[PDB]
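Engineer: Before I ask anything, here is the structure I am working with.
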Amino acid sequence: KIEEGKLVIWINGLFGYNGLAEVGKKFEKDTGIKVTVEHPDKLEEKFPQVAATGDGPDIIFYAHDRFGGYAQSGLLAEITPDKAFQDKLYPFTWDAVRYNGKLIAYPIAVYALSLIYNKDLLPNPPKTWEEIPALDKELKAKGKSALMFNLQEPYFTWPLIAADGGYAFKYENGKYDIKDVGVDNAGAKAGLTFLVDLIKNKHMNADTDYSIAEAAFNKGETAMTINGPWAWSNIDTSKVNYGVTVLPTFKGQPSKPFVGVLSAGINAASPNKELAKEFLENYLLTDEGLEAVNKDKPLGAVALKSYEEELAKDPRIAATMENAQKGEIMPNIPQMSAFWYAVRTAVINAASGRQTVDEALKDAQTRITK
């Protein structure tokens, strides 16, 4: 039986748990209720096991995807924020924590890819994907490349494939329709064709992965890369003066990166649901609460409007939120498993020449809607 009268919180060690513990100390000073923060190893596997038996922490911090299967198994309590509180967070973040039409977690941090560029090689980054080939030719005259990013994972190539019309699943009535998949439509084909053309024209290499691109950008060999907030800390500022901006448009449409959110859910078996709501809404999700966590380990962009407006003074964060608002919420349904593997295979096969773009996407589409 989860202990009544206190709050136990589980979060991954990658986040600012020491800072969250500080918010917990404030809560105890105001209410007399003790808050304990833990970061167990293999948390994503441990929570489902303990919660299934009605045990575990009162609050669990994870990724919203994010397949609805903590929610699918009913491990999370439906949350009850009033309208005044809902108005305090960006609308799209609430969509990220809704499963089958019901809110099952509080959005904390917001993640989306952005365009990272070297200010010394490219003082003015391209606003369009279409101008990259010409830019690469000019930079290659100096032994540099225009753009290098991970082409092995769909997460990184999706922004371009979705720009002119591609999408995972149609979202209607706070619910995903697995019968309407947008992987082989005109937009997706146009985007993947452009990516493949970049490779056939030698502007990019099909074998480029995360580490190769990161090293290239860090050594000043490439003018641009595409990555998320998690990568900023590893950029070699002793060699590179970088900027972060909105992703380029394709066919005049904004690139649409998948948008993810760090979410805080309440254990369906907790006898402290009201205390948990009080802590999350009135302590953590306040300018003071987020700052405490942020000062420990930066969150990047956040769902709370008032604090994001403050954080946005950092152009890298401003860019992250701009791309997030133009992006596609990452679906949290079980069918997403099929999407990731099918699209990964399609992009790899199209880039390698093993399959044409049209056939690669048709096969992925057919596999997903199976």
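Per mature numbering (1 follows the signal peptide of the UniProt record, and there is no 0), the very first residue in the sequence shown carries number 1; after that it's consecutive.
C-beta atoms are modelled at their ideal positions from N, C-alpha and C, and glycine is treated no differently.
#1: In whole angstroms, give me the CA-to-CA distance for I79 and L14.
#2: Quick check on DSSP: helix, strand or coil for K179?
#3: Less than 8 Å between the C-beta atoms of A105 and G353, yes or no?
#4: Which complete beta strand (DSSP E) runs does the segment 90-165 hold, if anything under 3 residues is left out?
#5: Are the CB atoms of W129 and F61 within a distance shorter than 8 Å?
#6: What's the call for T222, buried or exposed, on a 16-neighbour Cβ count within 10 Å?
#7: Answer with buried or exposed for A84, where buried requires no fewer than 16 other C-beta atoms within 10 angstroms of its C-beta.
#8: I'd like the list of long-range same chain contacts for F339, defined as Cβ closer than 7 Å, with 5 residues on each side in sequence excluded.
#9: Which whole-angstrom value describes the C-beta separation of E22 and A303, a residue pair presumed to lie in contact below a C-beta threshold of 8 Å?
#10: What are the start and end residues of each continuous beta strand (DSSP E) run of 3 or more residues lying completely inside the segment 224-274, in chain order?
#11: Return yes when the Cβ of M330 is within less than 8 Å of the Cβ of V259, no when it is not.
#12: Please state if the CB of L147 and the CB of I161 are separated by a distance shorter than 8 Å.
#13: Give me whichever residues DSSP pairs with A215 in a beta bridge.
#14: Per DSSP, what kind of secondary structure is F67 in: helix, strand or coil?
#15: Excluding the 5 residues flanking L43 on each side, which residues of the same chain have their C-beta closer than 7 Å to its C-beta?
#16: Beta-carbon separation of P81 and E281 under 8 Å?
#17: Count Cβ pairs between the segment 240-249 and the segment 53-68 that sit closer than 8 Å; are there 3 or more?
Structural biologist: With the structure as the only source:
#1: 25 Å
#2: strand
#3: no
#4: 106-111, 114-118, 145-147
#5: no
#6: buried
#7: exposed
#8: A168, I368
#9: That pair is no contact at about 20 Å.
#10: 242-245, 258-266
#11: yes
#12: no
#13: Note: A215 sits in no beta bridge, so no partner.
#14: The DSSP-derived three-state label of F67 is coil.
#15: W10, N12
#16: yes
#17: Taking one beta carbon from each stretch, the segment 240-249 and the segment 53-68 have fewer than 3 pairs nearer than 8 Å; the two do not touch.
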